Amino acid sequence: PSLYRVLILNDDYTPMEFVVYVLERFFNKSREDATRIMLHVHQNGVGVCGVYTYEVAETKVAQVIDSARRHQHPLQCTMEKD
């Protein structure tokens, strides 16, 4: 039962608030944690949102893209074997 990391990539145009909204909503973070991960990514260029089983991980990558495309932001999100 291998696991997979769900990451988001930093870009220069996506609002800070939407990134915080995303983590709170799709990754189940309190607003303190959300703020941390968002700030971390902003400086590091990449950050782990969470770690799940493959398909759980897969659903979360898809929901972040589908969501990002509706707010019309270019937030990049993908996965990788933990």
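Quick note: we count residues from 1 along the sequence shown, nothing fancier.
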For this session: Give the stretch, out of 28-36 and 41-49, with the larger mean C-alpha temperature factor in the deposited entry.
Result: 28-36
For this session: Just say lowest, middle or highest third for the CA B-factor of residue 58 relative to the other modelled residues in its chain.
Result: lowest
Seminar exercise, completed: Chain-relative C-alpha B factor for residue 3 (record values, thirds): the highest
Problem set entry | Ranked against its chain, the third holding the CA B-factor of residue 72 | highest
Exercise. Taking the C-alpha B-factors as the PDB entry records them, is residue 65 in the lowest, middle or highest third of its chain?
Worked result: highest
Seminar exercise, completed: residue 22: CA temperature factor from the record, placed by chain third, in the middle
